[PDB]
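Working through the structure, step by step
These are the residues of each chain, in order.
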Amino acid sequence: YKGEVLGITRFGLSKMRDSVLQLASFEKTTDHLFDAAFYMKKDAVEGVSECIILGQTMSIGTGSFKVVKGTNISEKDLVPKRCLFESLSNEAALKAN
Amino acid sequence: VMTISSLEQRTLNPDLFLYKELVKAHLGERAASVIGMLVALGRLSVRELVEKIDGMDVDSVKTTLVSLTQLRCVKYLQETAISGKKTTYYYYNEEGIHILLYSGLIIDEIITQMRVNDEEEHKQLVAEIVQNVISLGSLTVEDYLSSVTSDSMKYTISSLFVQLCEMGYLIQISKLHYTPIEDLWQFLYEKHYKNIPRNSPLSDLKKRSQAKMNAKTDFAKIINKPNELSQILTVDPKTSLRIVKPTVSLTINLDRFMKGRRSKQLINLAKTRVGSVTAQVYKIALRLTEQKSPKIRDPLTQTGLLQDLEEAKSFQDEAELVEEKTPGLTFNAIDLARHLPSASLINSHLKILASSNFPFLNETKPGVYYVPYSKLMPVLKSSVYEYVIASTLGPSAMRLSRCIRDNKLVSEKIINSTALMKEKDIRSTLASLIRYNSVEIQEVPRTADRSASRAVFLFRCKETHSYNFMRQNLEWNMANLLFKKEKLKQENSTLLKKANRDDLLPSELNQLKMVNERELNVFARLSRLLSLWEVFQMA
Amino acid sequence: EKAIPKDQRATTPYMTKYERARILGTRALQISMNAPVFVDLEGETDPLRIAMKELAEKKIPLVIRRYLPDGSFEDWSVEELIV
Amino acid sequence: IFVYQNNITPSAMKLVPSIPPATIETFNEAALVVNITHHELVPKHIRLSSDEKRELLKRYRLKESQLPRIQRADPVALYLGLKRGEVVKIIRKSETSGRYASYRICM
Amino acid sequence: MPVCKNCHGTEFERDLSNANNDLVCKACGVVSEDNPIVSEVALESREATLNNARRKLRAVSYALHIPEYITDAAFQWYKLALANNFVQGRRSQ
Amino acid sequence: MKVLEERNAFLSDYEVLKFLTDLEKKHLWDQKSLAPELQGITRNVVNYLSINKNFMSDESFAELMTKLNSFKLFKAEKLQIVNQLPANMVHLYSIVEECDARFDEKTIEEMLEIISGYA
Amino acid sequence: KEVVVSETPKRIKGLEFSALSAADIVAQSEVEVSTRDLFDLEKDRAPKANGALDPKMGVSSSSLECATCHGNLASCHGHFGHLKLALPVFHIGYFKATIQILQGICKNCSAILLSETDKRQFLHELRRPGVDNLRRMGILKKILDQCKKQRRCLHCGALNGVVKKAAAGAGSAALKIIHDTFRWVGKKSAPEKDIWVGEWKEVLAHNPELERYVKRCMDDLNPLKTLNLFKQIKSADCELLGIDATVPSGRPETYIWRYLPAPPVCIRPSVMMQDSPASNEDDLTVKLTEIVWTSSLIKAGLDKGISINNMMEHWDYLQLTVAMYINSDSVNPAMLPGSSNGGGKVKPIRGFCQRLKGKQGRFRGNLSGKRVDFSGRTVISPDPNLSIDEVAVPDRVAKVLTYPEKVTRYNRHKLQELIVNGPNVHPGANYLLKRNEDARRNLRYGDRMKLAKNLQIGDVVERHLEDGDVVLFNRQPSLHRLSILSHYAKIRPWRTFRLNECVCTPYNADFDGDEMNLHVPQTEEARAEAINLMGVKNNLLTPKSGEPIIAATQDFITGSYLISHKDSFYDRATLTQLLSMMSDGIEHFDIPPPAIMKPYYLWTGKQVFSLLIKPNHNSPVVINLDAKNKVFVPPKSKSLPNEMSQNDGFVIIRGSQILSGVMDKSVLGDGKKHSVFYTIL
Amino acid sequence: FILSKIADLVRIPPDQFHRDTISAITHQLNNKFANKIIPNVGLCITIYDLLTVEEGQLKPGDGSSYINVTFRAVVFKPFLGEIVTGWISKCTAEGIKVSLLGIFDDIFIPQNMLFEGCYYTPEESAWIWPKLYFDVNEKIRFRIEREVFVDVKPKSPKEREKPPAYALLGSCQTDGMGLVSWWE
Amino acid sequence: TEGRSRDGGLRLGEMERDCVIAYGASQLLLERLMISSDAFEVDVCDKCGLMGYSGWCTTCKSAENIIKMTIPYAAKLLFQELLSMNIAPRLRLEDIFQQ
Ligand SMILES: [Zn+2]
Ligand SMILES: [Zn+2]
Ligand SMILES: [Zn+2]
Ligand SMILES: [Zn+2]
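Here chain H is described in UniProt, under the heading Subunit, as follows: "Component of the RNA polymerase III (Pol III) complex consisting of 17 subunits. RPC25/RPC8 and RPC17/RPC9 form a Pol III subcomplex." Under the Subcellular location heading, UniProt states for chain H: "Nucleus".

So, in structure tokens, the structure goes:
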């Protein structure tokens, strides 16, 4: 996936995969935690192993798409309304300026 | 807890902590971050700014930047990109607001030329001259005098006229002037490697040193270019006397300010070791030589390139004879009637030179009266520390550290042998001294690999660390004091708005002297601390 | 990063099978919160089994939003989509 | 472009790539014997034009990076002698589905 | 000590029956808590002579084969005896 | 939550009160229906907005702009005249710039007769 | 009044991992820990005023409140403290990092010792957008190592050398670090070494028992020395050293301890006092509560008395104690423990980096591996007349196995009743939760009845386990993609879990001791999820082979092989009762013409099995099929169709009527693609 | 009084799906706003209009829909210097707390521009002038100048009033001020 | 709690868990590993994301910028466990809605 045969075993698993949570979820937890925090990795919240820790809704799978309902209403009634409070009193200051 | 000291506002911010408040204490506003972020991360690009600061893009970016330019608060570099066009990356001027950070002390630099008119409107004149200068920083007698009334004798309204030159005062900013030094050396490192007429491809030394020679001697006339330029100094129009060149704007001359205050120190330290007669003699003698001595300026080249453990001395040697001989022509041989308050026979009275002995001066042309110079200022610098810790912390720390000077990496028995009092105190003073820098530590493995209590504990000077910690001092009030100045603004900020435009209430009357003489305490308290800081920041 | 015109649809018009998943489950929890059902409901109950009965009739008034990896969005209504 | 014979001194590598506008290509003589491209295993790689690349990104609406890569100085890549950010369309012919292709970039 | 938010019954009954192991009062039917959260699995002249004092104490104690528990009585007494300075003036035995 | 525009359209009450008599007429229409908590504002809405007009009209709003565009009232008193200070005497000049001095007599007087058209 | 209050539902974007500043630590903490250990024993058992355990820092058992946030074990999440620590003490978690952060900086003026263009070169390499993680690290190495070859710093003018991580890894005193002047190149003129021999010259002279006898020590950097040395790192490089700076955390200073934050009390749970007066302690609090000890030692020591020599071992011993505090690493190299020692070498002094590390260590098995409520466990037993896509869940667990329900509309006329039974009998519920969300209502008190007469629409009742509900089901050692399979749950008597044997092969359950893991979900969308996705019928094929894992085994195979067998026959009766017993009732049927005629009448197995596929007219299962089963004897090569063979032959079927051959695994036995069921599905 | 363009999201529970969309929208809008006071603008009167209804995006955890629109609603911030009806209310002497019935009590006009000739007498009179006192509940023309918005919600665990969120101030700068029959 | 006897709870191991991912069930994880597992709401602060309690962000003391959200209590546990040790996995947040 990146440049070469690598990965699997922890030592190659630092390749692209950027999520410090799961990199600790496998092997060499500690030095990934610290050594991470030192280098101040900006990280991201993405993978399964990621998103179950923080416990929010999974990215892929069932959650691979948002669900939406339509309001099903016409913009005809979205038109504004007034008696034009502004417009009638406009022309007072329009003189001598 | 409970914020009363507020270590936040303090403890965790080295160095730039001063700067970002200074500019803040100056501007803040839009202008705050750009210097802060700059000195923080270093080299920075216009486009590169707003991807960090969120600083009102390409306006306050441009605005604050040209602001600093006008006031020369930045170091400024542009070059073509490697593909083409042109790119501009930016640094921060010297210590920048360092200029502002003296100000009133730079106002004191006038007190040298306070002479020739004492306590005159001329004083107030040159005053508004200088601060108007320093607010903008680059002006012309064409621009200034232009703004000034044209109905007050030209050679007087602006009375400082020929006196514009002197030693300090102003020099036109040109090119390199606020251009970053460290690189512009490398810019000169071109044209020598870059101009090699395909001579021989061997021993880059012949390529280097020669280029270095060029790089050296070319750089000389480079920095000697601002040192003096006649077209300013020389101009004498018709029916007139010699004037500056009114045309180009000139800018505050920081060198003779350095040499001046450093002088003032020497007045104090020498004044400590000698008598006010011999002292004031030394004082008035230095008034001439402080003209010629770089004294902080020599680094320059040292800054910006790796030394070489030999070639480092190949720089040092240049500092050995430099002022001593050729500027020695400008230096003390026979000087005549400096001031006098003494009277009657002035000659052997002037032989009071020889009263100079230790630990400085007292080297002359074996039968003319002369003080060593370019050798003087350097080994002078090494001595300057001395007193710096006594009521700083404790009397006893002196003698031990002083002893720690002469001996080196000994130990406590040989201390307590040499030293006195009691281990009860000896540890305290030492331990309370080790709590920061000074002694450092030395230890060696004793009948083990390395173990906790077996080995021996030794002590060392390392003024490298010492002379380089007194910045922690900078981090104290020069850090803080500026805040409680600023923090006290928002106290009266409402009144500050009103009270400033008034010329009312009893507490107002009270808090006038409170906040104001309070400002005396802070500002004066600062300059107090500054006179101490005048050293370890530079030499 | 906005709505794609209905005229152009790059997608498979069939179900996702996680379509069936979230469409059903969502519609169910809606039923559990007492929302009006769109179908004749036989003598039985519970949200899930009657929701199944709804998608049999394809009466769900919902649209699966779909994220292309570039953030180019997407829209499919149930009634648009085919089993 | 020139090849070594049997020794590749690191002094030659200290500055290998002098001239920026041109470039260099290095190999060992013994190293190059039968062309890797024509061997068997390496299927055919196709260098693709800049406009072709940007067009490919128009297709999949992909920003840069985020692609299978090729480590610079890959011998096969060296056989084609790529440069930075250059993309190859590699045609794998394997009997599973059949002949088809994918892409890689030179990192 | 705790009282219901509604019925305000002063007595709570714990239900271990179904292995919810909850707590609710016969006055309401509104539980007190969910899943009671449970657990599982220096040098001073006085203190040192308390070390030695336990050493002597226990040793010579069950030299008689006296019950271990009873020894801790005297251990307090001995400690109590330390308070009034009755201990120092004479032999330890 | 988020505000696109705070100072947007300066709006006094003309039929706005009657508009709340509309949505009110739409929802539950007060206690006059005898012949959601929302009524809390409704009483407060109709509270003052009703009395000073007595101690109303529609087309008067159109009659509002007719001679009133002629003055320097800006929008401030120009809108304020609709309700407060029944355009009389010192009331009307107590606010806006130069309703006296520069332009005074006919300008302050027409306010008295024009307000008699509505209030 | 009534200030407008808004909320937004949120979610995480990434995590920034930095270190706290000095101040930010205490900026969090409520109290100084300080004091001493003792748990201030008077008036009480560890009333623990101030000290390590503090009631305002947190709570331990359920008695008292947290002061800071009262509401005790229920509502208080704990709070952090702040340990003032005499002298700067080093830090092990950054140790191997700290050797690097110091590695590229001189000991003299302490400036980043690579410089000029090349500095900017690396810089401009990094900030390019396309630069990434592996590039972050690898590059930071390519810049890091580039420092070592520099012998001399720049505007300091002084040289330096490499630091080796002194001694080995025994960790005892090993955390001390050493570099030195190096590369004498024979004898050279080095003002460092020049002075150096001009230095020892006097102390050599004074104590000549020692110097050359123990020599070649180089020199260290003390954690006190190095805190200084860090502070004059000037802004700038930062990310060059690998640390991103923009006035938040605090440049490379923090990474050595100054104020150790007290771990919040809940994460320092005081173990049950477990009767008597002596409460079972908790470890880390013992550790730091000694760290206070040695702390105030070196704070009152070094303040007036003691000595430089009696000093350090307390202090180095301290950094061994905090390093020991956050990790195991160096364990007890005959170093012995402190106050409350023992010294028969109690093994597991370790409390911490462990508790986060392996196996039962949280961050795998106690967090990603959470042991989850609402479940059940039992042994198994076969139930063939139970349909596939169920599990028989015994009533006795259904009584305690509950499901959350939000009553609505259609629900009442069931749910209003389902209460009247109560928790005792099965078709009932126990817990009730009203629309007013007070706490919850457990069937204990009494009532119901007039209670159920209330029942707001928005209410909540927790049902028991009713007929044909949603369930998901497991076996202990997760093999592959069939680990969990939902079921419509049907309740039956006795006590055990009972599934349909044909689904054993995914679980490879031998019955016997096998103990399954029974789950019920709670939230709705998860139900329709599991059943209508993860469910049996949908997963009826196992993915890897693209094959129908679930099918008949053993009996059902061999049983088929008997009814399928050619030598069999059946009459009007026998076939009738069979076709009955095949689907217990419930179905109309049709009888194909009898396999034979005027010599009576009969039907063969091939037919009666044919109806098993297509029992009726209205049966939408028109099938053709053919294949080899196993135990196939090829005919004479003359006969071209292998359909006619010595033993049976190709199973072959057309229009869902068996033509020839016994079935026997093969077609119905998984194990292949060509299949009865796989063709069907 | 006036109008403002503001945006927000509303959670629509499933129930109201039977009811009109936009109407139930408005319903929950006033349920959220109505009388409620909105900081650094001035109090919301009620919804005026509504616009940009968009297809609602729900969350997985719930299933009850969410719709973020914007709209222009009626707020109350007339202008600084002004004269308006109201009356003294709970008060002592210096300054008076003027109010209109049912709206809010926060209007308090201190006394600076209020006529220097005055006298207070702890009994029905705030200040009497050379022209006299004034009455509670009375229609009273008074001037306002400033309103200052405050959060004042530093909820502390140790803490367990001062709600001057939208509060108006002024004085009596001319005649007819504080009592309407002085003018008129 | 642990196993049989004392009282119940059953073991979703990692190797056991991930079997659900092959079916890719979003919510089944949540209800299973979250809503029925450790039901908790952390309160945090957008500015300098950190985990307060009730209405405070503590170290930055505001009692305003807090957002309430639900998280596995094992998560916050792991945090404080970290932030006990010097480290900062500051949680920055953002809306679910408006894209
Ligand atoms: Zn109760
Ligand atoms: Zn608390
Ligand atoms: Zn250096
Ligand atoms: Zn915060």
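**Structural notes on the overall build of chain H**
On a plain count of helices and strands, chain H comes out with one helix and twelve strands. Start at the N end of chain H and walk to the C end: the helices and strands fall as β-α-β-β-β-β-β-β-β-β-β-β-β. In terms of overall size, chain H is more extended than a compact globule, its C-alpha atoms giving a radius of gyration of 22 Å where 184 residues would be expected to give roughly 16 Å. Dimensions of chain H along its principal axes, counting C-alpha atoms only, are 70 × 45 × 25 Å. Buried positions account for 53% of the 184 residues belonging to chain H. In the structure as shown, chain H presents an accessible area of about 8,500 Å², 58% of it carried by carbon and sulfur atoms. Computed over 20 positive and 23 negative side-chain charges, the inter-centroid distance for chain H is 6 Å.

**Brief notes about the UniProt feature "binding site: Zn(2+) 2" in chain G**
In the UniProt entry, the feature "binding site: Zn(2+) 2" is given for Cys106, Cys109 and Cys153 of chain G. Taken together, the annotated residues stretch across 48 residues yet fold into one region, lying no more than 8.3 Å apart by C-alpha. Note on placement: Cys106 of chain G falls in the loop between α3 (95-103) and α4 (116-126). The class of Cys106 of chain G is buried, set by a relative accessible area of 0%. For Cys106 of chain G, the residues in contact, after removing those within four places along its chain, are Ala111, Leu113, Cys153, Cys156, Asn160 and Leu229 of chain G. As for its placement among the helices and strands, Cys109 of chain G is situated in the loop between α3 and α4. Judged by its relative accessible area of 14%, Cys109 of chain G is buried. Setting aside chain neighbours within four positions, we find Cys109 of chain G in contact with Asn468 of chain B together with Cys153, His155 and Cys156 of chain G.

**Side note on a negative patch on the surface**
A cluster of acidic residues, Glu51, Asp54, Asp57 and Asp59 of chain B, forms a negative patch on the protein surface. Tracing the sequence through the fold places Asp54 of chain B in the loop between α3 (46-49) and α4 (60-70).

**Re a positive patch on the surface**
Residues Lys28 of chain A together with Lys96, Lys165 and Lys357 of chain G make up a contiguous surface patch of positive charge. Within the secondary structure, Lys96 of chain G sits in helix α3.

**Comments concerning the interface of chain G and chain A**
With 35 residues of chain G in contact, the opposing surface of chain A contributes 27 residues. In total, chain G and chain A occlude about 2,800 Å² of area from one another, counting both sides; carbon and sulfur atoms represent 62% of this. Linking chain G with chain A are zero salt bridges, by the criterion used here. At the surface where chain G touches chain A, the tally comes to seven residue pairs in polar contact. Of all elements in the fold, only β1 (10-12), β2 (16-18), α3, α5 (133-148) and α10 (362-366) of chain G reach the threshold of two or more residues within the side of chain G that touches chain A. The element that contributes the greatest number of residues to the side of chain G that touches chain A is α5 of chain G, accounting for five residues. Class assignment of the residues belonging to the side of chain G that touches chain A gives a composition of 17 nonpolar, nine polar and nine charged.

**Concerning the coordination of the zinc ion (ligand 1)**
Residues and elements named next belong to chain E. Here the zinc ion (ligand 1) is held by the protein donor atoms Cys4 (SG), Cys7 (SG) and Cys25 (SG), which lie 2.2 to 2.3 Å from it. Sequence positions of the residues that donate to the zinc ion (ligand 1) give the spacing C-x2-C-x17-C. With a gap of 18 residues between them, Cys7 in the segment before β1 (13-15) and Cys25 in the loop between β2 (22-24) and β3 (31-33) connect regions that are remote in the sequence.

**Notes on the packing of α4 of chain G against α5 of chain G**
Residue and element names in this part refer to chain G. α5 packs onto α4 with a crossing angle of 175° between their chain directions and a minimal axis gap of 11 Å. In terms of orientation, α4 lies roughly antiparallel with respect to α5. On α5, the residues touching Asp118, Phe122, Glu125 and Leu126 of α4 are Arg135, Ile139, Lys142, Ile143 and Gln146.

**A look at the sheet that holds strand β5 (residues 87-94) of chain D**
Strand order in the open sheet made by the four strands is β3-β5-β6-β4 (chain D), with mixed pairing throughout. The two strands at the open ends of the sheet, each matched to only one other strand, are β3 (45-47) and β4 (69-70) of chain D.

**Things to note about the coordination of the zinc ion (ligand 2)**
All names here are of chain G. Distances from the zinc ion (ligand 2) to its protein donors, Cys66 (SG), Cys69 (N), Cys69 (SG), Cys76 (SG) and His79 (NE2), fall within 1.9 to 2.7 Å. Donor residues binding the zinc ion (ligand 2) come from one chain and are separated in sequence as C-x2-C-x6-C-x2-H. Residue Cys66 is located in the loop between α1 (22-28) and α2 (72-75), and its partner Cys76 is located in the loop between α2 and α3; the two are separated by ten residues in the primary sequence. Neither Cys66 nor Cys76 differs from the other in exposure class; each is buried.

**Concerning the pairing of strand β12 (residues 484-492) of chain G**
Every other side chain in a regular strand lies on the same face of the sheet, so the side chains alternate between the two faces. Residues and elements named next belong to chain G. With five bridges joining them, strand β7 (residues 390-394) and β12 adopt parallel strand pairing. In the sheet register, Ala392 faces β12, and the bridge partner there is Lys490. Judged from the six bridges that link them, strand β11 (residues 469-475) and β12 form a sheet pairing that is antiparallel. Each residue of the ladder has a partner; that of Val470, found in β12, is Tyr488.

**A look at the interface of chain I and chain G**
Taken together, the contact between chain I and chain G spans 58 residues of the former and 74 residues of the latter. Summing the contributions of chain I and of chain G, the shared interface buries around 6,300 Å²; its carbon and sulfur component is 62%. On the chain I side of the contact with chain G, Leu10, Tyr23 and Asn86 of chain I bury the most area, a combined 14% of that side's loss. Where chain I packs against chain G, one counts five salt bridges. Across the contact surface, chain I and chain G share 25 residue pairs in polar contact. For the side of chain I that touches chain G, the elements supplying multiple residues, two or more each, are β1 (10-11), α1 (14-17), α2 (26-35), β3 (66-70), α3 (73-84), β4 (88-90) and β5 (93-95) of chain I. The element that contributes the greatest number of residues to the side of chain I that touches chain G is α3 of chain I, accounting for eleven residues. Among the residues making up the side of chain I that touches chain G, the classes are represented as 30 nonpolar, 14 polar and 14 charged. Looking at chain direction, β2 of chain G and β4 of chain I are connected through three bridges and run antiparallel. Counted as the bridge partner of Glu16 of chain G is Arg90 of chain I from β4 of chain I.

**So, the UniProt feature "binding site: Zn(2+) 1" in chain G**
As recorded in UniProt, the sites labelled "binding site: Zn(2+) 1" are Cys66, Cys69, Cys76 and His79 of chain G. Ignoring sequence-local partners within four residues, the contact set of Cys66 of chain G consists of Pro55, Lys56, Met57, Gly58, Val59, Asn72, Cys76 and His79 of chain G. Not counting the four nearest positions on each side in its chain, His79 of chain G is found in contact with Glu30, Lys56, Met57, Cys66, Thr68, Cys69, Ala262, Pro264 and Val265 of chain G together with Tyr53 of chain I.

**Quick word on a nonpolar patch on the surface**
All names here are of chain C. Judged by side-chain polarity, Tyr14, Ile82 and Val83 come together as a nonpolar surface patch covering roughly 340 Å² of accessible area. Within the secondary structure, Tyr14 sits in the segment before α1 (19-32). For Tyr14, a relative accessible area of 52% gives the class exposed.

**Some remarks on the domain arrangement of chain H**
Residues and elements named next belong to chain H. By the assigned domains, chain H splits into domain 1 (1-76) and domain 2 (82-182). The C-alpha centroid of domain 2 is placed 34 Å from the C-alpha centroid of domain 1. Tallying the contact residues gives eight residues for domain 1 and five residues for domain 2. Buried area between domain 1 and domain 2, both sides added, is near 540 Å², and the carbon and sulfur share of it is 82%.

**A look at the packing of helix α1 (residues 17-26) of chain B against helix α23 (residues 480-502) of chain B**
Residues and elements named next belong to chain B. Running from amino to carboxyl end, α1 crosses α23 at an angle of 30°, the nearest separation of the two axes being 10 Å. Relative to α23, the element α1 is oriented roughly parallel. Classified by chirality, the crossing of α23 by α1 is left-handed. Of the residues in α23, those touching α1 at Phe17, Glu21, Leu22 and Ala25 are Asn480, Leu482, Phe483, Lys485 and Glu486. In terms of residue class, the contact of α1 with α23 is built from five nonpolar, one polar and three charged.

Conventions and cut-offs
Residues numbered from 1 in each chain as written, not as in the entry; some residues may be left out. Chains lettered and ligands numbered in written order. Part of a larger assembly, values for the part shown. Heavy atoms only, no water. Residues with missing side-chain atoms left out of burial classes, pairs and counts. UniProt positions renumbered as here; feature names shortened; annotations may be inferred. Helix = DSSP H or I, 4+ residues; strand = E, 2+ residues; numbered from the N terminus. Rg over C-alpha atoms; globule rule 2.2 N^0.38 Å. Buried < 20%, exposed > 50% of the residue type's maximum accessible area, 1.4 Å probe, protein only. Areas by Shrake-Rupley, 256 points an atom, 1.4 Å probe, with all protein chains shown as cover. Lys, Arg positive; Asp, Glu negative; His and termini not counted. Charge placed at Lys NZ, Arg CZ, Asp CG, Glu CD. Contact = heavy atoms within 4.5 Å. Patch = residues over 30% accessible without salt bridge, like charges linked within 9 Å, V, L, I, M, F, W, Y side chains within 5 Å. Salt bridge = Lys/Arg side-chain N within 4 Å of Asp/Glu carboxyl O. Buried area = accessible area lost by both parts, 1.4 Å probe. Polar contact = N/O pair within 3.5 Å; in protein donor to acceptor, adjacent residues only side chain to side chain. Nonpolar A, V, L, I, M, F, W, Y, C, P; charged D, E, K, R; others polar. Donors = N, O, S within 2.8 Å, 3.2 Å for Na, K, Ca; no water. Axes fitted to C-alpha atoms, helices over the stretch in contact; angles between N-to-C directions. Parallel < 35°, antiparallel > 145°, perpendicular 65-115°, else oblique. Pairing = 2+ DSSP bridges. Domains from an automatic or database assignment. Left-handed = near helix turned anticlockwise from the far one by under 90°.

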